[PDB]
Amino acid sequence: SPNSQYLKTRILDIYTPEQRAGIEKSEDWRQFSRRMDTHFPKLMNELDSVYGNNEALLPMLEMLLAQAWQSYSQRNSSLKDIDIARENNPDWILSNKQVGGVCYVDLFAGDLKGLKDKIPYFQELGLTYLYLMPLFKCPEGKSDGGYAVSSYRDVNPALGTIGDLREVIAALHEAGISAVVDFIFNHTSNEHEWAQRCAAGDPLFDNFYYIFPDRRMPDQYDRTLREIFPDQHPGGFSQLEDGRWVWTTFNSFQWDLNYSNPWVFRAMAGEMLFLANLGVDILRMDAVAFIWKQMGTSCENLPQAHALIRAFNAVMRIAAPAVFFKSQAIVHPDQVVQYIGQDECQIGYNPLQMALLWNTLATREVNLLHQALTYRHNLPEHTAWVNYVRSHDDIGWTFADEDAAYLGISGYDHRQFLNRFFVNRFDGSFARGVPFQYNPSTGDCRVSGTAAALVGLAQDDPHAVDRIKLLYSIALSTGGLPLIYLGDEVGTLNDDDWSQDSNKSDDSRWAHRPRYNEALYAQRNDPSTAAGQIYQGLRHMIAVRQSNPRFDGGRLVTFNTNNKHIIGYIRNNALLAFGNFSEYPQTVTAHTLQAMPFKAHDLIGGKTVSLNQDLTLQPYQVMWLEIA
Ligand SMILES: OC[C@H]1O[C@H](O[C@H]2[C@H](O)[C@@H](O)[C@@H](O[C@H]3[C@H](O)[C@@H](O)[C@@H](O[C@H]4[C@H](O)[C@@H](O)[C@@H](O[C@H]5[C@H](O)[C@@H](O)[C@@H](O[C@H]6[C@H](O)[C@@H](O)[C@@H](O[C@H]7[C@H](O)[C@@H](O)[C@@H](O)O[C@@H]7CO)O[C@@H]6CO)O[C@@H]5CO)O[C@@H]4CO)O[C@@H]3CO)O[C@@H]2CO)[C@H](O)[C@@H](O)[C@@H]1O
Ligand SMILES: OC[C@H]1O[C@H](O[C@H]2[C@H](O)[C@@H](O)[C@@H](O[C@H]3[C@H](O)[C@@H](O)[C@@H](O[C@H]4[C@H](O)[C@@H](O)[C@@H](O[C@H]5[C@H](O)[C@@H](O)[C@@H](O[C@H]6[C@H](O)[C@@H](O)[C@@H](O[C@H]7[C@H](O)[C@@H](O)[C@@H](O)O[C@@H]7CO)O[C@@H]6CO)O[C@@H]5CO)O[C@@H]4CO)O[C@@H]3CO)O[C@@H]2CO)[C@H](O)[C@@H](O)[C@@H]1O
Ligand SMILES: OC[C@H]1O[C@@H](O[C@H]2[C@H](O)[C@@H](O)[C@@H](O[C@H]3[C@H](O)[C@@H](O)[C@@H](O[C@H]4[C@H](O)[C@@H](O)[C@@H](O)O[C@@H]4CO)O[C@@H]3CO)O[C@@H]2CO)[C@H](O)[C@@H](O)[C@@H]1O
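Mapping the sequence shown onto my numbering, position 144 (from 1) lands on 144, and the numbers just tick up by one.
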């Protein structure tokens, strides 16, 4: 394997003797050269673990590094300042000051120019992190809501131009808000240039995807593949008009990229640098678990998948240090945490906490949630969870069956209940969600619906508002970067028209992807409305979180409340949080509270609470007690 010094001299060979002398003395080269020495070793090691002695590795690597240099040379000075700042502030992601929001540009504000005008509201809410859903070109009609990318560089004409996007990002930065977008690196649309040329037999794009002559290998692979989008096709392959078969984990128009081909990595690393230089702060690594395939396995979470992501990480450490990764690994808890690391994905979605929040509302029992917060919350230094209540996606019931079995709970049976309860097929349920990808062959099913619809706000359940505040309170205070699904802060309901829409009827997730509700937003400052009660309740928690250092960091220690309906945890040994998941008053006994201070101030209600006597929490009440 070549070393950093050797490779750097060859990067400079593009310049004439005279030009070269100027580059070697430039500040940009000084930074790049230093970062190469520090991080290239990791990059080389990761790529070697995946490609081994592949003859194309070295040639690909030199091409990639040459690109990295040019990319960094062109990188705007302001971004380079952010580069140095985060290089010396790895834990910026762990600060209690951070609060994020996510939205679709078209649904929430029409287009990019309209989005820029919403910035004042984002500052009003207190956001310091804004994630925008897929905004680049995609097939007309069905494109999986933008996740079937036809181009990683050309903005969806309906949203605006690449110029509008660069203006939006600069505007977000001026407002003190970080920009976050998707890095849909596991697959492209079948209309993407690479896909077309690969299928047409263009040698330049040979092996850019996984295409087979017949069903021989696809059948073999399907023996162990899990069906992700069973409604669209069985197994993981789709057939082309010419009879051949292509690997398609998701929709048939989404073709899985072939990372076993080093040139595919190079290509995607090139797109990553492009996004980096737009000023993007964080890239959401979409469907990270599927980037490597191997016959006989589920082709999810394989070792090479982690190595590839760590390789991508090194490229940013070298040519755009400011860019961090947000892992979107919706898999078994043991696998989720493996993508999170300073050298892999600095932050990652916390599907376990999310799924268990909803689980707890349904069962009224915190057993599973307590278990998760106790044994699966703390993360390695310089990393953090992205805690959420809802997203643009369906809700998958993430949790370890082995953990549940320890609590006397059967995973399969329990999920049957959870799905029934949340799609309102269980007597007494307050939830009004809808099924997503029900698989009759496995009994598996996921749930669609907005947060408000799942807590019963659609039928005006008197507990709806408090349930919303309870769930978000946990994502906002457990430790990690909280991500609010914009629209939730005013109780936005499902869009019931989706099922009638020809391009959406086959995907129930559109039920929870409603447009900006002007009526609800106009009520956000009215305490007599659900929208105002929700907004002010959440805004208050956001205010407290960002100003009170007791919430800083991502570590917590659970507190045994001795009441199966109340969750409890402590932040920095100074903030004791209690959350009642019962629709009835629940008590934490004075006996249980003996080690706590005589009295403590509750940041939610603002009153002084006595902990030397039984503490009774009203239905769904949340308390944030300052015990130090
Ligand atoms: O651009 C496309 C798309 O991308 C984004 O969103 C994507 C995600 O990126 C992608 O990951 C995916 O997430 C899906 C997921 O793939 C689905 O499978 C599902 O996952 C849920 C599931 O519905 C729940 O049931 C629950 O799974 C449990 C499971 O119930 C439980 O039993 C256990 O299962 C493990 C089992 O215990 C093990 O023994 C073993 O099982 C083996 C056997 O051992 C073996 O003998 C044989 O039988 O095979 C078995 C299976 O291999 O492994 C089992 C698997 O771990 O544990 C699991 C996990 O706790 O929870 C999971 C969630 O983790 O739904 C999610 C989505 O909710 O798809 C999304 C899109 O939906 C992008 O955001 C999106 O917009 C784009 O469209
Ligand atoms: O207002 C409009 C509204 O009208 C309708 O709703 C009505 C109902 O029709 C009416 O009956 C009533 O419902 C009340 C009820 O009267 C109250 O008592 C209360 O219900 C309690 C319930 O009595 C308690 O037992 C408790 O149940 C929990 C349970 O404690 C918890 O463990 C869990 O249980 C599930 C378990 O977690 C799952 O694993 C599974 O268990 C499986 C195993 O997995 C399997 O291995 C094997 O063992 O089989 C097991 C089967 O038992 O399933 C378990 C559930 O069966 O969850 C349950 C349910 O939460 O707590 C509840 C709640 O405190 O509240 C209800 C609701 O208020 O009044 C309402 C309202 O007027 C209409 O139906 C509704 O849609 C409309 O919105
Ligand atoms: O290495 C960590 C360190 O933690 C020490 O204590 C922490 C403990 O692990 C954690 O559970 C919690 O402790 C509180 C209990 O959860 C809570 O129930 C309550 O305990 C009462 C019992 O429930 C009653 O049965 C009776 O015993 O009275 C108890 C009150 O004295 O309060 C506990 C104190 O907050 O937090 C602790 C620190 O935040 C371990 O003790 C130590 O061995 C570990 O090394």
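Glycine residues also receive a C-beta, built at the ideal position from the N, C-alpha and C atoms.
Asked                                                                                                                           : Found
Residue environment, residue 9, which counts as buried when at least 16 other CB atoms sit within 10 Å                          : exposed
Spatial distance of residue 612 from residue 623 (CA atoms)                                                                     : 16 Å
Neighbourhood of residue 189 by C-beta distance below 8 Å, restricted to the same chain and skipping five residues each side    : 138, 139, 143, 148, 149, 150, 195, 253, 254 and 255
Cut-off 6 Å between Cβ atoms - residues of its own chain near residue 398, not counting five sequence neighbours on either side : 351, 352 and 355
Residue 398, DSSP secondary structure in three states                                                                           : coil
Within 7 Å, strictly: CB atoms of residue 230 and residue 367                                                                   : no
Identity of the residues DSSP links to residue 130 by a beta bridge                                                             : 101 and 179
Residue from 272, 488 and 309 whose Cα sits closest to the Cα of residue 452                                                    : 488
Ranges of the alpha helix (DSSP H) found wholly within the stretch 401-434, counting only runs of at least 4                    : 401-406 and 411-422
Through-space distance from residue 286 to residue 55, alpha-carbon basis                                                       : 29 Å
Closer than 7 Å to ligand 3: residues, by C-beta to nearest heavy atom, in chain order                                          : 557, 558, 559, 560, 561, 562, 570, 573, 591, 592, 594, 595 and 596
When 431, 465, 415 and 455 are compared against residue 442, the one with the closest alpha-carbon                              : 415
Cβ of residue 390 within 7 Å of any chain E Cβ                                                                                  : The chain inventory of the structure shown lacks chain E, comprising one protein chain alone.
8 Å contact criterion, which residue 373 and residue 569 should meet: CB distance rounded                                       : 6 Å
Segment contact flag, the stretch 242-252 with the stretch 149-166, C-beta cutoff 8 Å, min 3 pairs                              : no
6 Å CB neighbourhood of residue 103 in its chain, flanking five on each side removed                                            : 486
Which listed residue (604, 197, 482 and 212) has its alpha carbon closest to that of residue 633                                : The structure shown does not extend to residue 633, since the chain spans only 1 to 628, so no value can be given for it.
Outcome for residue 108 when other beta-carbon atoms lying within 10 angstroms are tallied against a minimum of 16              : buried
Spatially closest choice to residue 224 from 237, 100 and 88, by CA coordinates                                                 : 237
Contact under 7 Å by Cβ, residue 343 with residue 390                                                                           : no
Separation of residue 178 from residue 371, as counted between CA atoms                                                         : 33 Å
C-alpha distance - residue 490 paired with residue 615, whole-angstrom precision                                                : 30 Å
Candidates 246, 358 and 187, of which the one nearest residue 215 by Cα                                                         : 246
Distance CB(residue 67)-CB(residue 270) smaller than 7 Å                                                                        : yes
Exposure of residue 243, with buried meaning 16 or more beta-carbon neighbours within 10 Å                                      : exposed
Run of the alpha helix (DSSP H) containing residue 121, from where it starts to where it stops                                  : 119-125
Residue 417 Cβ short of 6 Å to ligand 2 heavy atom set                                                                          : yes
Residue 524, buried or exposed, once every other Cβ within 10 Å from all chains shown has been counted against 16               : buried
heavy atom of ligand 2 below 6 Å from residue 428 C-beta                                                                        : yes
7 Å Cβ cutoff met for residue 382 and residue 83                                                                                : no
beta-carbon residue 121 near ligand 1 non-hydrogen atom, thresh 6 Å                                                             : no
Complete runs of the alpha helix (DSSP H) confined to the stretch 150-236 [at least 4 residues]                                 : 162-174, 193-199 and 216-222
Close Cβ partners of residue 296 (< 7 Å) along its chain, the five nearest in sequence each way excluded                        : 224
Own chain, CB closer than 6 Å to residue 26, minus 5 neighbours either side, in chain order                                     : none
Residue 292, DSSP secondary structure in three states                                                                           : coil
Check whether residue 529 and residue 492 have beta carbons under 7 Å apart                                                     : no
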